[PDB]
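A short write-up of the structure that comes next.
Cβ sites come from the backbone with ideal geometry, for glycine too, and all protein chains shown count toward neighbours. Throughout, read-outs are computed from the coordinates displayed, never taken from laboratory work.
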Amino acid sequence: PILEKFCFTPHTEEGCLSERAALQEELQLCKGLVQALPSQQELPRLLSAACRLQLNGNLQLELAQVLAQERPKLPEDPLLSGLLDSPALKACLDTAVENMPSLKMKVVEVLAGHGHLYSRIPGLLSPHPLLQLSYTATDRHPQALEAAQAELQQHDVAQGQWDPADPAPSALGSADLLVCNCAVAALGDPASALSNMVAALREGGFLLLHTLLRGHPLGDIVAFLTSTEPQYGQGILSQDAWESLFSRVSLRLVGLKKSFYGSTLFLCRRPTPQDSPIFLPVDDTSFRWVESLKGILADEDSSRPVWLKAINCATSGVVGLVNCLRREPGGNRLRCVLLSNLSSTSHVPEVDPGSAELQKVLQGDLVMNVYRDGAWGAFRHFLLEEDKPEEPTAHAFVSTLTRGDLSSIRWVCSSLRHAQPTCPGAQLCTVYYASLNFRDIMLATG
């Protein structure tokens, strides 16, 4: 079985990978080497080699080219690929998936040769049972990405020749999702690439772009290095710079994921033709709103968006309602708004049409809109840790977890925690030494 958990994930979150240590130690290492102009990790090795040739006046050429760094291992470095493996990417991909009119998704990766997301995006969507994915990889040059062709084959991916500098080919046409990974890919310029992509994107589609922000320590570090290839150097900008850049190409920032060191994962949606929305209370206990929605949904001609907003009861299950209705005829028009605080102390935001919050959420046009203790987000599915839980206990027995496998003998908690000492016949005893008879071996061996 596929085991998953259902937790509230905010659209905007910062300091994603703070809890991680290895990343923190890596950042400490990197900054020191940068200071005044040591590990197996690739980026520390690159910095150490760059400084090794000279303590001052290093030649951009020599630091640009060096053995063990010519390979595209920069994405393999944890610092550059922190969020990618972190649960933020799953949240962003699921967000893109849910707000899709149909059950089919068309996603195109730009600069896949160095982005290498093609090895990660297809596998992450295995849980979804009814989802069909049309994945394809487009790069500036054919020879690029010539490696891993078998890896591409094992996943439903197809080739491409797009260089984001040029207009997007008709063969891609309009795609549901555009995934970039600009951090390791070399974008010639932000503006032109964003224009070409947003042109390539269907109405209401999504654009997942990963970039290393400037103004943060690692940002400055990468700015100093990677200077020889300006295209890579151009990719680094400021968070305000990126946000201002989007507006120029008419792209709305649905979600943001900012790491503790500077790396950020962006999700954007191409705006859709505005229309006057229908508002329908869903809080009545009498369930008298079923008729109202029934009439609103039934009309085939009507194409307006319909919003089911609950603001009184935090326990309203409007989320499940919209999840089911979206698969019924005419369900493509449903969109939810739910205010479920778990703490009475926190307030409840106003949602009147005049109120700013309703205007912002309407601009987002997201299907799911849940408020919880000062944050707008939606519930998501995450795989839980595979490891089995353990606790410190004083009563435990030796059990063969998988029958017939001596490699699976491990301690398990015992029922002897719930016992009575009063009964003379019970006589609970502490075990100092226990023996093994031939019967035990026969049993464990199966």
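Could you list all residues from the stretch 75-131 that are within 23 Å of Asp189 (Cα to Cα) and among the hydroxyl-bearing types (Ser, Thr, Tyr)?
Within the stretch 75-131, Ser81, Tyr118 qualify.
Could you identify the single residue in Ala144, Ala186, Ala137, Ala171 that is part of a strand (DSSP E or B) and of a type in the set (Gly, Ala, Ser)?
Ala137
Would you mention how many residues in the stretch 12-51 are assigned to a loop (DSSP other than H, G, I, E, B), aliphatic (A, V, I, L, M) and either buried (at least 19 other Cβ atoms within 10 Å of the Cβ) or in contact with an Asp or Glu (Cβ under 8 Å, 6 or more places away or on another chain) (or both)?
Residues flagged as assigned to a loop (DSSP other than H, G, I, E, B), aliphatic (A, V, I, L, M) and either buried (at least 19 other Cβ atoms within 10 Å of the Cβ) or in contact with an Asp or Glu (Cβ under 8 Å, 6 or more places away or on another chain) (or both) within the stretch 12-51 amount to 1.
Just to check your reading of the model, which residue among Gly404, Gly374 is in a loop (DSSP other than H, G, I, E, B) and within 24 Å of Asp94 (Cβ to Cβ)?
Selected residue: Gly374, the only one of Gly404, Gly374 that is in a loop (DSSP other than H, G, I, E, B) and within 24 Å of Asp94 (Cβ to Cβ).
Quick test for you: out of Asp176, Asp163, pick the one residue that is in contact with a strand residue (DSSP E or B) (Cβ under 9 Å, 6 or more places away or on another chain), of a type in the set (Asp, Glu) and in a loop (DSSP other than H, G, I, E, B).
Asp163
Please go through the stretch 116-134 and pick out each residue that is of a type in the set (A, V, I, L, M), under 18 Å from the mean Cα position of the chain (by Cα) and either surrounded by fewer than 19 Cβ atoms within 10 Å (Cβ to Cβ) or not in a helix (DSSP H, G or I) (or both).
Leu124, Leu125, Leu131, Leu133
Looking at this structure, is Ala193 under 24 Å from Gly262 (Cα atoms), touching a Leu at 6+ places or on another chain (Cβ under 7 Å) and outside any loop (DSSP other than H, G, I, E, B)?
Spelling it out, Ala193 is indeed under 24 Å from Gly262 (Cα atoms), touching a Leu at 6+ places or on another chain (Cβ under 7 Å) and outside any loop (DSSP other than H, G, I, E, B).
Looking at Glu4 and the list (1) crowded, with 19+ Cβ neighbours inside 10 Å; (2) in contact with a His (Cβ under 9 Å, 6 or more places away or on another chain), which single condition is not satisfied?
The failed condition is (1).
With the structure loaded, tell me whether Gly113 is within 17 Å of the chain's Cα centre (by Cα), of a type in the set (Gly, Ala, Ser), surrounded by 15 or more Cβ atoms within 10 Å (Cβ to Cβ) and under 24 Å from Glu229 (Cα atoms) or whether it fails that test.
When the stated conditions are applied, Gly113 does not pass them.
In the stretch 351-365, which residues are surrounded by fewer than 17 Cβ atoms within 10 Å (Cβ to Cβ) and not small (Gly, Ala, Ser)?
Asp352, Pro353, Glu357, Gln359, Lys360, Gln363
Go through the stretch 196-212 residue by residue and tally those that are touching a strand residue (DSSP E or B) at 6+ places or on another chain (Cβ under 8 Å) and assigned to a helix (DSSP H, G or I).
3
Go through the residues of the stretch 318-335 one by one and say whether even a single one is outside any loop (DSSP other than H, G, I, E, B), in contact with a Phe, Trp or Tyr (Cβ under 6 Å, 6 or more places away or on another chain), charged (D, E, K, R) and surrounded by 15 or more Cβ atoms within 10 Å (Cβ to Cβ).
Within the stretch 318-335 (the criterion being outside any loop (DSSP other than H, G, I, E, B), in contact with a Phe, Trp or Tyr (Cβ under 6 Å, 6 or more places away or on another chain), charged (D, E, K, R) and surrounded by 15 or more Cβ atoms within 10 Å (Cβ to Cβ)), the answer is yes, since at least one residue qualifies.
For the stretch 423-441, indicate whether the set of residues that are within 41 Å of the chain's Cα centre (by Cα) and not hydroxyl-bearing (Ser, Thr, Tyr) is non-empty.
Within the stretch 423-441, none of the residues are within 41 Å of the chain's Cα centre (by Cα) and not hydroxyl-bearing (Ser, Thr, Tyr).
Restricting the search to the stretch 327-382, which residues are in contact with a helix residue (DSSP H, G or I) (Cβ under 8 Å, 6 or more places away or on another chain) and among the β-branched types (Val, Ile, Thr)?
Answer for the stretch 327-382, where residues must be in contact with a helix residue (DSSP H, G or I) (Cβ under 8 Å, 6 or more places away or on another chain) and among the β-branched types (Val, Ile, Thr): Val337, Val351, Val367, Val370.
Only residues in the stretch 277-291 that are closer than 19 Å to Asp352 by Cβ count as the first member; pair them with residues that are loosely packed, with under 13 Cβ neighbours inside 10 Å, Cβ under 6 angstrom, at least 6 apart or cross-chain, and list the lot.
Once the first residue is closer than 19 Å to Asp352 by Cβ and sits in the stretch 277-291, its partners that are loosely packed, with under 13 Cβ neighbours inside 10 Å give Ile278/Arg304.
Are any residues in the stretch 229-266 farther than 21 Å from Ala96 by Cα, surrounded by fewer than 21 Cβ atoms within 10 Å (Cβ to Cβ) and among the hydroxyl-bearing types (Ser, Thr, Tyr), and if so, which ones?
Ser238, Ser244, listed by residue number.
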